[PDB]
Structures are given as C-alpha cells and as structure tokens.
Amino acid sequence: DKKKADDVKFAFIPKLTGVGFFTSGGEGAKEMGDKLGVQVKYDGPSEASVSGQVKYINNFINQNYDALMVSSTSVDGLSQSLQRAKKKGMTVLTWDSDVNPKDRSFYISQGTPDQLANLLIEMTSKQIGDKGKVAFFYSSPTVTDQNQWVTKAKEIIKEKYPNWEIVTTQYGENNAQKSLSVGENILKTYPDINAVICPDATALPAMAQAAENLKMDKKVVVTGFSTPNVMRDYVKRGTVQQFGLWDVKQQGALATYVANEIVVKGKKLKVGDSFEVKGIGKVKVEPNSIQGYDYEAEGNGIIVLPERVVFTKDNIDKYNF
C-alpha cells in the first residue's frame, strides 16, 4: 500500500448542504470512510454558488487533505482551484455533477445523459401520452449535470415527441422558497400545462407542493429527480405517481471507496478497468466520451452506478435516503 489509513483524510463536497440528496450522499461517503478506517469530512456552502464551493475547496487544500470529491455547481468555475489541488498531489474526484474532465480524475456518475434523459421522458410519456404542453424546471442554466441531461432530453423530445411543446424552462436555484414560487408561477401562467419535468432535488418537491397548494395535484403530471425521504408523502397522496433517482448513499460510498483505492492502496485505475464493491456491485471505468466529452487521458474516466431507481407507491418504502 501507498499509505496508512489513519494518516489520510478525504473531503466530500456537495453543491450545497441542507438538501436531502446531499446529506444522504455525505452519509454514504462517511459510512464508507468509517468502514475503511479513513477520515471523511462532509462540508460545503449552505447556498449553491461557485464562489462558495471555491472557498471550501481552498480550505481543504490548505488543510492538506489527501483527496477531494466534489459535486460541482459549474463546468469550469472550479478549474483553477482543482488544478491547484492536483499540483499539490491531491486526488480529485467528482460525483453527481462533473467538472471539465481534465480537472478531475474520475467522475462517479449516476448515469449517462442518455440514461437519465430517457428516464425523465419515459416517466412523463407514460402519464401524458404523445401530445401535450410540458415545462422543464430545475436548478440553474449553468450547472454541469442537469444541463447535460436536459440538453439530451430536449433533443429526444424534438424527434420522438413532435406533438409535445416545451413551453418554458424555469430555474429554482437550489432554494426551496424560490423553487416553490417558480413552481406556482408555472401553474398560474400556463394553467393548461400537462407536465412539469423536474430533474433537481429541490425543484421536484417544490413543484409537487405548488400543485397541491393550487389544487392542481392529479391534474398536472409532476415528475423528475429527488430523494425518496423528501418525496414519500407526495407519492402516497398521488400528487407524484413516479419519479427517479439512484442510491445516492451508495454513490457517496463509491466515491470514498475509489479515493481509498487510489490514495491508500496506490492503485493506478485506467479506462477499461473494473471492480466490485460490496453493497454496490460491479462497476467499471469508462471513457469520458460516454458523457459527450472530447477528452481522454490515462487514469481519467467515468464510473457509472449499475442501476438507477424509479420510485412508485409500490417501492417508495424500500429506500431510506
């Protein structure tokens, strides 16, 4: 091995704290840290901003952390600080939301844009059919992950659902209050809207709540991505019939596991490599091209979760995160 477990520390950084998705991801990363005998600190800003993330990243670098695992608010905004981390000899991973691939080594991904876009579209089309007015409602027009998925989803919709119109795209800024206001405004301005597609953990519950507040629940289809602990009662009331995610606790755990392989065990992971992690399953390192990127380099790539999850009333109580 390259190191001893007790001498290392890893930083697990969310887009922001105080959102169930991120708390649960952090719990998974920390639990795996405990299982491996390595220290993992979960911390980040309380609002989603590039400058906030840069401040935390700089602090972790300056405290001589061995690895950073970040879900990014930006494609390029973290580049300078992540490059500084790499130069210091730190291992830089992303999870959830990627950065420019040259600025990290591995991205621990919940799925490709095609996988996730097809999920959003299929969950919607099962409920509204091939004709309707739809809106997209998510965090921000610049965040890496959601824009990768939505760009793909819009491409698929234009071709495969020519009788859908995307009437609007709105942003809730990872903020519950803003998201509720925006969601209510969608219903007030487009009272005949058929579905709102919400690939953001804050926008989706806000949209469900907006529908309930305005007595449009069960008239408008609301689907997207969020955590089951946040969505459970909306599903049981029937306001949301189905929505998607993936095991975010295992995602955080996988990030810690990979950091441990690299930093403690001294493994040199390459595209094409594969391994198994108990409680997660078999995973492999894929090229950056699976995300649409044009960059490849030795020891750089994407590790995708084996499965995603579609939650309905039939399985909502099978998941705790």
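The first residue of the shown sequence is 1; numbering continues from there.
Legend: mean Cα B-factor per stretch from the PDB entry, 13-21 versus 294-302; the higher mean is in 294-302.
For the two regions 138-146 and 97-105, the entry's Cα B-factors average higher over 97-105. Highest C-alpha temperature factor among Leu254, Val40, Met69, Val264, as the PDB entry reports it: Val264. Note on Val258, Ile57, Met32, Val277: the highest value goes to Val277, judged by CA B factor as recorded. Split the chain's modelled residues into thirds by C-alpha temperature factor. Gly77 is in the highest one. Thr124 sits in the lowest third of its chain by CA B factor, as recorded in the PDB entry.
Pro228: CA B factor lies in the lowest third for its chain, per the PDB record. Among the modelled residues of its chain, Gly272 has a C-alpha B-factor that falls in the highest third according to the deposited record. The deposited CA B-factor of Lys249 belongs to the lowest third of values across its chain.
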